[PDB]
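Asker: Can you keep this structure in mind? I'll have questions shortly.
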Amino acid sequence: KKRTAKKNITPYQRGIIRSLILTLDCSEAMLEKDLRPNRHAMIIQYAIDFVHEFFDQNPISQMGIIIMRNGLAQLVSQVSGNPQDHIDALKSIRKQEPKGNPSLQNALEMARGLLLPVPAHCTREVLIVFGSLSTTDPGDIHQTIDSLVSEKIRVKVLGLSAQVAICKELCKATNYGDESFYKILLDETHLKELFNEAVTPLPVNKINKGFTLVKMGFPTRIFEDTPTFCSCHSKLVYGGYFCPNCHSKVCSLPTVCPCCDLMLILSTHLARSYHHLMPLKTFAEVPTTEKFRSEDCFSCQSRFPXXXXXXXXXXXXXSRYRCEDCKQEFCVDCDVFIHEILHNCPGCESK
Amino acid sequence: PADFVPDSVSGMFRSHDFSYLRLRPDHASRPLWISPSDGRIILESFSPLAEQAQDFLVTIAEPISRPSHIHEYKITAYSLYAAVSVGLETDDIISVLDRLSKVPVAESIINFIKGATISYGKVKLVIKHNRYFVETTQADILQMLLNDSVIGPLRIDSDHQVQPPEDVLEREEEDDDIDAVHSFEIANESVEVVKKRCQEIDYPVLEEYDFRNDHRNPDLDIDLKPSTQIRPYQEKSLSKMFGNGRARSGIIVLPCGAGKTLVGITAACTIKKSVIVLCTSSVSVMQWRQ
Amino acid sequence: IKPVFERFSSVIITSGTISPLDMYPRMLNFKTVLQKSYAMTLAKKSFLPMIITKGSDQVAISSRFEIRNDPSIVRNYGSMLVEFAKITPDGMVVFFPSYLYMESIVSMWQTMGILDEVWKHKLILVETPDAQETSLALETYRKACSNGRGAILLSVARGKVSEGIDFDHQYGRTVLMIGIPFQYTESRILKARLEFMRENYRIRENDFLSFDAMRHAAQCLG
Ligand SMILES: [Zn+2]
Ligand SMILES: [Zn+2]
Ligand SMILES: [Zn+2]
Ligand SMILES: [Zn+2]
């Protein structure tokens, strides 16, 4: 018994640069009683969590936030690499109550034009968390999906406990025919894991597009604090950064320079793309009667490995989930943890 | 004379000991813990059939406590008769109680639950031609009906008539015991004496209510419109008195000031048959009608 | 059928619904060899037949009572429809036993507020005797089924739509069957053939009527 994946068919390109723009539903159906406070409130809790997650693993990206009230979609946080803008925008919304219908044609229409400034190297994306069961379209929506799929704006949406053929279609249509993107929950954790999975880049099988060399430079912290001064906020900041080309004091941010406009990054963001781009191989669960390895773990030292013959307890499984390229054992904890936070396979690092 | 503790016998069976009363053997492996001496049945969070357990207790008894962790148990004779009239298997409830209730089923408690499930009426009031008569599915029932001044003497000699049992059911005995057994059609007059003699001789009769022997004629001038106010306890109280399929009048203890007549008007309309309304006093009849 | 049974030799009788496979050799007076049906071997459930005898009032329901109104059953029916319109995804169809059942029940369903609610949720597309309007209804049902706003198609168990029209993933999710289609609503012509069915064959009134009623009941569900 194991629930582990067979093969990854996309470690080659990930969408390392992103412009993900999440849109919500503040409609009546969010006030129904299936999710603990309701749909409306518990949805927003996990979106906050995703927001934090989305910028941690794709901090080079931006996002905007749109609500869906009264048959009218309403932008609430602009497409920004600053999560706190969105986070604070999300804090206010839950205090208002969802209302009216989801007019998807509205929401799709403003999402498509919001992403026009998003360049070729930056990736356009839309994430619809749909929870009602009817729409109200200001126009042809196939016109918009046709317009949407034309703009190279893939769409993955997370319906609630129901399947809708149009968003079956929409995720099918935009995502290069490859319908893998109307995945829907039965459950809060299933919803929770529905949110966490939307953080990483989204490759299925990339078509050959212009791979454009991207020119930027890196900022550096300021020291003088009594000289608290800023060129990105016009306030007294006790020390910021300085763009390598503009030469203007910029507060701490991976945000672009505000005087010469080159993307400001230190080092930390790209190495998340690395383990995004080239991840590891899954720790193979060693056979119970064929392992015969050290009665411990490797990344940690976990002497629990078996009990040596116990009719049922020993014939079950030997906790030796071991990576392959290193061929080193790992307790499930490490095997899970190694595969959780630091990819950085402990055995594969030391050789 | 004519007083029955069984209807109002609720309020007892909460007293146990510690020396004689042992920890229930199910107490180790039992989702509930039926304190039989204290009569309390605490339905903790560990009961998987807590919803199933909660309903069964509400029938046979009255759940005094409904706490978030565990519930509370109380004994009600009307509940015992009502749980006896509930129809749940007396043995089946006890064992799921015994297996679920960690406290072993109390000996006195076990007898009452079985006494609920079967007693609360073992009477034999037979019915003929879809009506009520002096007979019985059991033999001690036919003896009670035949030797009855109201049931027998008020009973016409005719065994049963489709119309007479339809019409007369020595009044309406739409509350009789199991019909389709040996009995004789009773007259159109006086089930007071029928009940006033089963009163004097203590005949707890396992009774029914045959709700389309609430037929009673070509259809009256009833406007079967539901425009009268409907709000949720009344309808499921109706769903209880409407039971399976068709309108049964039961006893439905309702408050004056919360739309009491509303269930009656619906059940009167639903039968589409002649109905009378009786209120306390005539002056209240107008007030209520107003 | 006797001449084609007299003429033709190798014939096959095949349907999704044939039940029983023996009523046909009886009526049609012919010889078979492999009267074989197959069960659906599935690794999953994939569908729900339910017997809604009772309503919320725990009240047995039918269209056999009349072809008429009885606010208990009607409102009970109105309650079941409106809640089904709330729950099923795009594509839902129902089958009245008779159109004159449909016409009476629906007309006074607009009398109560039951029709406005389903109009908030889905589209409602009636079956008209003129089938150009019915066709204009059905394709707009399928189009709305393949579109977003839910489409509800309501027809007659004995009507035209049940004969050849299919209900795919989206074009059909929750079929319903209000009562069982019966025909002795009308005159004694069935009685006469049924009498023949009774005299020429060893086939009773109810067994023939329930067979036909469940023959079209089976015809609609699949
Ligand atoms: Zn600044
Ligand atoms: Zn600069
Ligand atoms: Zn370890
Ligand atoms: Zn390794």
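As shown in the structure tokens, the chain order sets the letters A, B, ...; within each chain, residues go from 1, and ligands are also counted from 1 in the order they appear.
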Hey, which residues come within 9 Å of ligand 2 if we count only C-alpha atoms and all ligand atoms? Could you give them as a ChimeraX atom specification?
Answerer: /A:217-219,242-250,256-264
Asker: Can you write just those residues out, N, CA and C atoms, as a compact mmCIF listing (two decimals), in the first residue's frame?
Answerer:
```
# COMPACT_ATOMS: atom_id res chain seq x y z
N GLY A 217 19.34 44.18 -12.54
CA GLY A 217 20.42 44.38 -11.61
C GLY A 217 19.89 44.22 -10.19
N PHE A 218 20.81 44.32 -9.25
CA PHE A 218 20.52 43.93 -7.88
C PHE A 218 20.72 45.10 -6.91
N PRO A 219 19.80 45.30 -5.97
CA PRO A 219 19.92 46.42 -5.03
C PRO A 219 20.79 46.06 -3.83
N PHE A 242 19.34 50.48 -2.89
CA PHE A 242 19.69 51.37 -3.99
C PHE A 242 19.76 50.54 -5.26
N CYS A 243 19.00 50.93 -6.27
CA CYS A 243 19.02 50.19 -7.52
C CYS A 243 20.39 50.32 -8.18
N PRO A 244 20.91 49.26 -8.80
CA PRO A 244 22.25 49.35 -9.40
C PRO A 244 22.35 50.34 -10.55
N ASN A 245 21.25 50.72 -11.18
CA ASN A 245 21.28 51.60 -12.34
C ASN A 245 20.67 52.97 -12.06
N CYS A 246 19.52 53.01 -11.39
CA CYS A 246 18.87 54.28 -11.08
C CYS A 246 19.69 55.11 -10.11
N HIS A 247 20.25 54.47 -9.09
CA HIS A 247 20.84 55.15 -7.94
C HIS A 247 19.80 56.01 -7.23
N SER A 248 18.74 55.37 -6.74
CA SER A 248 17.76 56.00 -5.88
C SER A 248 17.47 55.08 -4.71
N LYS A 249 17.33 55.66 -3.53
CA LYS A 249 17.07 54.87 -2.34
C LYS A 249 15.72 54.17 -2.45
N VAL A 250 15.74 52.84 -2.38
CA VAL A 250 14.53 52.04 -2.52
C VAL A 250 14.38 51.22 -1.24
N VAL A 256 10.70 46.14 -8.44
CA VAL A 256 11.50 46.82 -9.46
C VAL A 256 11.97 48.17 -8.93
N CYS A 257 13.06 48.67 -9.49
CA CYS A 257 13.48 50.03 -9.18
C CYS A 257 12.44 51.04 -9.64
N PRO A 258 12.19 52.10 -8.87
CA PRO A 258 11.27 53.16 -9.29
C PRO A 258 11.91 54.38 -9.95
N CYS A 259 13.19 54.33 -10.36
CA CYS A 259 13.79 55.47 -11.04
C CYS A 259 14.37 55.11 -12.40
N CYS A 260 14.92 53.91 -12.56
CA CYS A 260 15.39 53.43 -13.85
C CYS A 260 14.69 52.17 -14.32
N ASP A 261 13.89 51.54 -13.45
CA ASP A 261 13.01 50.43 -13.81
C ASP A 261 13.79 49.21 -14.32
N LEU A 262 14.56 48.62 -13.41
CA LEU A 262 15.04 47.26 -13.58
C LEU A 262 14.74 46.44 -12.33
N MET A 263 14.34 45.19 -12.56
CA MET A 263 13.87 44.31 -11.50
C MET A 263 14.95 44.14 -10.44
N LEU A 264 14.60 44.42 -9.18
CA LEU A 264 15.56 44.39 -8.08
C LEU A 264 15.43 43.08 -7.32
```
Asker: Could the residues that lie within 7 Å of ligand 1, counting only C-alpha atoms and all ligand atoms, be listed as a ChimeraX atom specification?
Answerer: /A:230-235,237,240,250-251
Asker: Pull N, CA and C atoms from the residues just selected and write them as a PDB file, in the first residue's frame.
Answerer:
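Output file selection.pdb follows:
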```
ATOM      1  N   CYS A 230      13.823  58.103   1.365  1.00  0.00           N
ATOM      2  CA  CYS A 230      13.325  57.152   0.392  1.00  0.00           C
ATOM      3  C   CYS A 230      13.024  57.827  -0.934  1.00  0.00           C
ATOM      4  N   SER A 231      13.316  57.117  -2.021  1.00  0.00           N
ATOM      5  CA  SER A 231      12.901  57.524  -3.352  1.00  0.00           C
ATOM      6  C   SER A 231      11.753  56.684  -3.894  1.00  0.00           C
ATOM      7  N   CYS A 232      11.305  55.653  -3.164  1.00  0.00           N
ATOM      8  CA  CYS A 232      10.146  54.870  -3.576  1.00  0.00           C
ATOM      9  C   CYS A 232       8.908  55.138  -2.729  1.00  0.00           C
ATOM     10  N   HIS A 233       9.044  55.844  -1.604  1.00  0.00           N
ATOM     11  CA  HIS A 233       7.904  56.184  -0.764  1.00  0.00           C
ATOM     12  C   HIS A 233       7.881  57.633  -0.298  1.00  0.00           C
ATOM     13  N   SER A 234       8.943  58.405  -0.540  1.00  0.00           N
ATOM     14  CA  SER A 234       9.008  59.819  -0.158  1.00  0.00           C
ATOM     15  C   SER A 234       8.722  60.011   1.333  1.00  0.00           C
ATOM     16  N   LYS A 235       9.278  59.119   2.149  1.00  0.00           N
ATOM     17  CA  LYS A 235       9.120  59.159   3.595  1.00  0.00           C
ATOM     18  C   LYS A 235      10.473  58.919   4.255  1.00  0.00           C
ATOM     19  N   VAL A 237      12.539  56.516   5.832  1.00  0.00           N
ATOM     20  CA  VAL A 237      12.839  55.104   6.030  1.00  0.00           C
ATOM     21  C   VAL A 237      14.293  54.995   6.455  1.00  0.00           C
ATOM     22  N   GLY A 240      17.157  51.982   3.213  1.00  0.00           N
ATOM     23  CA  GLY A 240      16.529  51.161   2.204  1.00  0.00           C
ATOM     24  C   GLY A 240      17.571  50.489   1.344  1.00  0.00           C
ATOM     25  N   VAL A 250      15.738  52.843  -2.385  1.00  0.00           N
ATOM     26  CA  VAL A 250      14.530  52.042  -2.516  1.00  0.00           C
ATOM     27  C   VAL A 250      14.377  51.222  -1.244  1.00  0.00           C
ATOM     28  N   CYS A 251      13.187  51.240  -0.655  1.00  0.00           N
ATOM     29  CA  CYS A 251      12.987  50.435   0.541  1.00  0.00           C
ATOM     30  C   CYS A 251      13.143  48.956   0.222  1.00  0.00           C
TER      31      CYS A 251
END
```
Asker: Can you check which residues of range 184-238 of chain A DSSP gives as alpha helix (DSSP H) on the backbone and send them as a PyMOL selection string?
Answerer: chain A and resi 188-196
Asker: Give me a file of those residues, with N, CA, C and O atoms, as a CSV table (one decimal), in the first residue's frame.
Answerer:
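The resulting result04.csv:
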```
chain,number,residue,atom,x,y,z
A,188,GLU,N,-12.3,20.6,3.0
A,188,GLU,CA,-11.5,21.7,3.4
A,188,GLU,C,-10.0,21.5,3.2
A,188,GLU,O,-9.3,22.3,2.7
A,189,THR,N,-9.5,20.4,3.7
A,189,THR,CA,-8.1,20.0,3.5
A,189,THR,C,-7.9,19.8,2.0
A,189,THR,O,-6.9,20.2,1.4
A,190,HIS,N,-8.8,19.0,1.4
A,190,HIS,CA,-8.8,18.9,-0.1
A,190,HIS,C,-8.9,20.3,-0.7
A,190,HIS,O,-8.2,20.6,-1.7
A,191,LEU,N,-9.6,21.2,-0.1
A,191,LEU,CA,-9.6,22.7,-0.5
A,191,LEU,C,-8.2,23.2,-0.1
A,191,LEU,O,-7.6,24.0,-0.8
A,192,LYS,N,-7.7,22.9,1.1
A,192,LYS,CA,-6.4,23.4,1.6
A,192,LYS,C,-5.4,23.0,0.6
A,192,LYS,O,-4.6,23.8,0.2
A,193,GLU,N,-5.3,21.7,0.4
A,193,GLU,CA,-4.3,21.2,-0.6
A,193,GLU,C,-4.7,21.7,-2.0
A,193,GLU,O,-3.8,21.8,-2.8
A,194,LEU,N,-5.9,22.0,-2.3
A,194,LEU,CA,-6.3,22.7,-3.5
A,194,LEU,C,-5.6,24.1,-3.6
A,194,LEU,O,-5.2,24.6,-4.7
A,195,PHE,N,-5.4,24.8,-2.4
A,195,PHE,CA,-4.7,26.1,-2.5
A,195,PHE,C,-3.2,25.9,-2.5
A,195,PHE,O,-2.6,26.6,-3.4
A,196,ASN,N,-2.6,25.0,-1.7
A,196,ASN,CA,-1.2,24.9,-1.7
A,196,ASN,C,-0.6,24.5,-3.0
A,196,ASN,O,0.5,24.8,-3.4
```
Asker: What residues in chain C have any atom no more than 8 Å from chain A when counting only C-alpha atoms, and can you write them as a list in words?
Answerer: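 So the residues of chain C near chain A are residues 89, 90, 121, 122, 146, 147, 148, 149, 150 and 170 of chain C.
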Asker: How about saving the chosen residues, N, CA and C atoms kept, as an mmCIF file, in the first residue's frame?
Answerer:
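What follows is the written file again_29.cif:
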```
data_model
loop_
_atom_site.group_PDB
_atom_site.id
_atom_site.type_symbol
_atom_site.label_atom_id
_atom_site.label_comp_id
_atom_site.auth_asym_id
_atom_site.auth_seq_id
_atom_site.Cartn_x
_atom_site.Cartn_y
_atom_site.Cartn_z
ATOM 1 N N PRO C 89 -26.476 19.261 -11.463
ATOM 2 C CA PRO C 89 -25.774 20.167 -12.380
ATOM 3 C C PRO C 89 -26.539 20.375 -13.676
ATOM 4 N N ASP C 90 -25.929 21.102 -14.613
ATOM 5 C CA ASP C 90 -26.582 21.390 -15.881
ATOM 6 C C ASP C 90 -26.997 20.099 -16.570
ATOM 7 N N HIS C 121 -32.619 29.762 -10.835
ATOM 8 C CA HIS C 121 -31.487 28.848 -10.933
ATOM 9 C C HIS C 121 -31.185 28.461 -12.377
ATOM 10 N N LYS C 122 -32.130 27.801 -13.030
ATOM 11 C CA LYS C 122 -31.903 27.164 -14.318
ATOM 12 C C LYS C 122 -32.835 27.755 -15.370
ATOM 13 N N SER C 146 -24.793 22.347 -22.360
ATOM 14 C CA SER C 146 -23.389 22.570 -22.667
ATOM 15 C C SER C 146 -22.946 23.981 -22.306
ATOM 16 N N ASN C 147 -23.887 24.885 -22.034
ATOM 17 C CA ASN C 147 -23.572 26.219 -21.547
ATOM 18 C C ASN C 147 -23.614 26.214 -20.017
ATOM 19 N N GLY C 148 -23.543 27.399 -19.414
ATOM 20 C CA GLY C 148 -23.480 27.525 -17.972
ATOM 21 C C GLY C 148 -24.798 27.359 -17.242
ATOM 22 N N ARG C 149 -25.757 28.251 -17.497
ATOM 23 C CA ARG C 149 -27.022 28.204 -16.775
ATOM 24 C C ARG C 149 -27.717 26.875 -17.027
ATOM 25 N N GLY C 150 -28.148 26.229 -15.947
ATOM 26 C CA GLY C 150 -28.699 24.894 -16.066
ATOM 27 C C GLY C 150 -29.938 24.869 -16.940
ATOM 28 N N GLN C 170 -23.688 16.090 -19.972
ATOM 29 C CA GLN C 170 -24.229 17.391 -19.607
ATOM 30 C C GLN C 170 -25.711 17.472 -19.922
#
```
Asker: Neighbours of ligand 3 at 9 Å or closer, counting only C-alpha atoms and all ligand atoms: which residues, as a list in words?
Answerer: residues 296, 297, 298, 299, 300, 301, 302, 329, 330, 331, 332, 333, 334, 335, 336, 337 and 338 of chain A
Asker: For ligand 4, return the neighbouring residues as a VMD selection string (distance at most 6 Å; only C-alpha atoms and all ligand atoms).
Answerer: chain A and resid 323 to 327 345 347 to 348
Asker: Write out the residues from the selection above, keeping C-alpha atoms, as a PDB file, in the first residue's frame.
Answerer:
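The resulting out_14.pdb:
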```
ATOM      1  CA  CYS A 323      15.929   8.179  -2.143  1.00  0.00           C
ATOM      2  CA  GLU A 324      17.336   6.580  -5.285  1.00  0.00           C
ATOM      3  CA  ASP A 325      20.234   8.667  -6.629  1.00  0.00           C
ATOM      4  CA  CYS A 326      21.774   8.543  -3.151  1.00  0.00           C
ATOM      5  CA  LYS A 327      20.490   5.036  -2.317  1.00  0.00           C
ATOM      6  CA  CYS A 345      18.713  15.193  -0.639  1.00  0.00           C
ATOM      7  CA  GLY A 347      22.542  11.311   0.837  1.00  0.00           C
ATOM      8  CA  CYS A 348      22.754  12.806  -2.648  1.00  0.00           C
TER       9      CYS A 348
END
```
Asker: What lies within 12 Å of range 3-15 of chain C using only C-alpha atoms, ignoring chain neighbours under 2 positions off, as a VMD selection string?
Answerer: chain C and resid 1 17 to 22 24 to 25 28 to 38 215 218 to 219 222
Asker: Ranking C:26, C:54, C:158, C:173 by minimum distance to residue 212 in chain C and counting only C-alpha atoms, which one comes first?
Answerer: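 For residue 212 in chain C, the nearest of the given residues is C:158.
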Asker: Give the residues of chain B that lie within 7 Å of chain C; count only C-alpha atoms, and format the answer as a PyMOL selection string.
Answerer: chain B and resi 239+242-246
Asker: Excluding range 59-76 of chain A and its own-chain neighbours fewer than 6 positions away, which residues fall within 7 Å of it when counting only C-alpha atoms? Please give them as a PDB file with N, CA, C and O atoms, in the first residue's frame.
Answerer:
```pdb
ATOM      1  N   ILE A  17       8.937  32.894 -13.793  1.00  0.00           N
ATOM      2  CA  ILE A  17       8.279  34.188 -13.715  1.00  0.00           C
ATOM      3  C   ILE A  17       6.781  33.952 -13.815  1.00  0.00           C
ATOM      4  O   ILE A  17       6.325  33.099 -14.585  1.00  0.00           O
ATOM      5  N   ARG A  18       6.003  34.685 -13.026  1.00  0.00           N
ATOM      6  CA  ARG A  18       4.558  34.538 -13.086  1.00  0.00           C
ATOM      7  C   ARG A  18       3.877  35.883 -12.912  1.00  0.00           C
ATOM      8  O   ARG A  18       4.451  36.841 -12.393  1.00  0.00           O
ATOM      9  N   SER A  19       2.643  35.937 -13.405  1.00  0.00           N
ATOM     10  CA  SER A  19       1.665  36.956 -13.036  1.00  0.00           C
ATOM     11  C   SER A  19       0.373  36.177 -12.813  1.00  0.00           C
ATOM     12  O   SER A  19      -0.428  35.997 -13.733  1.00  0.00           O
ATOM     13  N   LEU A  20       0.205  35.681 -11.594  1.00  0.00           N
ATOM     14  CA  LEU A  20      -1.000  34.983 -11.174  1.00  0.00           C
ATOM     15  C   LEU A  20      -1.952  36.018 -10.608  1.00  0.00           C
ATOM     16  O   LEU A  20      -1.528  36.880  -9.853  1.00  0.00           O
ATOM     17  N   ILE A  21      -3.218  35.965 -10.990  1.00  0.00           N
ATOM     18  CA  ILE A  21      -4.200  36.944 -10.530  1.00  0.00           C
ATOM     19  C   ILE A  21      -5.423  36.189 -10.030  1.00  0.00           C
ATOM     20  O   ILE A  21      -6.270  35.745 -10.816  1.00  0.00           O
ATOM     21  N   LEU A  22      -5.512  36.048  -8.710  1.00  0.00           N
ATOM     22  CA  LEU A  22      -6.566  35.275  -8.071  1.00  0.00           C
ATOM     23  C   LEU A  22      -7.836  36.108  -7.956  1.00  0.00           C
ATOM     24  O   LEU A  22      -7.779  37.298  -7.635  1.00  0.00           O
ATOM     25  N   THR A  23      -8.980  35.482  -8.218  1.00  0.00           N
ATOM     26  CA  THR A  23     -10.278  36.146  -8.163  1.00  0.00           C
ATOM     27  C   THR A  23     -11.205  35.331  -7.273  1.00  0.00           C
ATOM     28  O   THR A  23     -11.219  34.097  -7.350  1.00  0.00           O
ATOM     29  N   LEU A  24     -11.986  36.017  -6.444  1.00  0.00           N
ATOM     30  CA  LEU A  24     -12.832  35.355  -5.461  1.00  0.00           C
ATOM     31  C   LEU A  24     -14.304  35.440  -5.857  1.00  0.00           C
ATOM     32  O   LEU A  24     -14.673  36.004  -6.891  1.00  0.00           O
ATOM     33  N   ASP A  25     -15.161  34.875  -5.009  1.00  0.00           N
ATOM     34  CA  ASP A  25     -16.607  34.962  -5.155  1.00  0.00           C
ATOM     35  C   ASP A  25     -17.157  35.550  -3.866  1.00  0.00           C
ATOM     36  O   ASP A  25     -17.148  34.884  -2.827  1.00  0.00           O
ATOM     37  N   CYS A  26     -17.580  36.807  -3.908  1.00  0.00           N
ATOM     38  CA  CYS A  26     -18.421  37.352  -2.852  1.00  0.00           C
ATOM     39  C   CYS A  26     -19.852  37.401  -3.383  1.00  0.00           C
ATOM     40  O   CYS A  26     -20.396  38.464  -3.676  1.00  0.00           O
ATOM     41  N   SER A  27     -20.472  36.226  -3.476  1.00  0.00           N
ATOM     42  CA  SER A  27     -21.851  36.113  -3.921  1.00  0.00           C
ATOM     43  C   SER A  27     -22.664  35.358  -2.884  1.00  0.00           C
ATOM     44  O   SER A  27     -22.121  34.677  -2.011  1.00  0.00           O
ATOM     45  N   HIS A  86      -2.374  42.849  -1.074  1.00  0.00           N
ATOM     46  CA  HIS A  86      -3.435  41.867  -1.265  1.00  0.00           C
ATOM     47  C   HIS A  86      -3.934  41.332   0.062  1.00  0.00           C
ATOM     48  O   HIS A  86      -5.145  41.203   0.268  1.00  0.00           O
ATOM     49  N   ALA A  89      -6.002  43.854   1.583  1.00  0.00           N
ATOM     50  CA  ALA A  89      -7.229  43.892   0.793  1.00  0.00           C
ATOM     51  C   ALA A  89      -8.149  42.731   1.153  1.00  0.00           C
ATOM     52  O   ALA A  89      -9.371  42.901   1.243  1.00  0.00           O
ATOM     53  N   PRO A  98     -20.752  38.284   1.153  1.00  0.00           N
ATOM     54  CA  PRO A  98     -20.902  37.991  -0.271  1.00  0.00           C
ATOM     55  C   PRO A  98     -22.327  38.239  -0.725  1.00  0.00           C
ATOM     56  O   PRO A  98     -23.282  38.031   0.025  1.00  0.00           O
ATOM     57  N   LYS A  99     -22.475  38.683  -1.968  1.00  0.00           N
ATOM     58  CA  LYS A  99     -23.822  39.026  -2.384  1.00  0.00           C
ATOM     59  C   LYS A  99     -23.950  38.901  -3.892  1.00  0.00           C
ATOM     60  O   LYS A  99     -22.977  39.040  -4.635  1.00  0.00           O
ATOM     61  N   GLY A 100     -25.180  38.653  -4.327  1.00  0.00           N
ATOM     62  CA  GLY A 100     -25.516  38.692  -5.728  1.00  0.00           C
ATOM     63  C   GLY A 100     -25.007  37.487  -6.490  1.00  0.00           C
ATOM     64  O   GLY A 100     -24.708  36.432  -5.939  1.00  0.00           O
ATOM     65  N   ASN A 101     -24.945  37.658  -7.768  1.00  0.00           N
ATOM     66  CA  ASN A 101     -24.514  36.498  -8.519  1.00  0.00           C
ATOM     67  C   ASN A 101     -23.057  36.622  -8.939  1.00  0.00           C
ATOM     68  O   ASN A 101     -22.494  37.721  -8.971  1.00  0.00           O
ATOM     69  N   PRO A 102     -22.430  35.484  -9.229  1.00  0.00           N
ATOM     70  CA  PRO A 102     -21.188  35.500 -10.008  1.00  0.00           C
ATOM     71  C   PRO A 102     -21.496  35.645 -11.491  1.00  0.00           C
ATOM     72  O   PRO A 102     -22.007  34.724 -12.125  1.00  0.00           O
ATOM     73  N   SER A 103     -21.199  36.819 -12.032  1.00  0.00           N
ATOM     74  CA  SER A 103     -21.204  37.086 -13.468  1.00  0.00           C
ATOM     75  C   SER A 103     -19.805  36.805 -13.997  1.00  0.00           C
ATOM     76  O   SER A 103     -18.950  37.688 -14.055  1.00  0.00           O
ATOM     77  N   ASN A 106     -18.206  39.048 -16.695  1.00  0.00           N
ATOM     78  CA  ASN A 106     -17.550  40.211 -16.107  1.00  0.00           C
ATOM     79  C   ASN A 106     -16.142  39.863 -15.645  1.00  0.00           C
ATOM     80  O   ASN A 106     -15.158  40.435 -16.130  1.00  0.00           O
ATOM     81  N   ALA A 107     -16.029  38.901 -14.726  1.00  0.00           N
ATOM     82  CA  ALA A 107     -14.744  38.620 -14.094  1.00  0.00           C
ATOM     83  C   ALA A 107     -13.692  38.209 -15.114  1.00  0.00           C
ATOM     84  O   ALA A 107     -12.535  38.636 -15.026  1.00  0.00           O
ATOM     85  N   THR A 136     -24.022  35.152 -14.988  1.00  0.00           N
ATOM     86  CA  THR A 136     -24.805  36.237 -15.583  1.00  0.00           C
ATOM     87  C   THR A 136     -23.879  36.978 -16.546  1.00  0.00           C
ATOM     88  O   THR A 136     -23.143  37.868 -16.126  1.00  0.00           O
ATOM     89  N   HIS A 269      15.630  34.704  -4.595  1.00  0.00           N
ATOM     90  CA  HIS A 269      14.403  34.317  -5.284  1.00  0.00           C
ATOM     91  C   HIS A 269      14.657  33.202  -6.292  1.00  0.00           C
ATOM     92  O   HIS A 269      13.858  32.266  -6.400  1.00  0.00           O
TER      93      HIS A 269
END
```
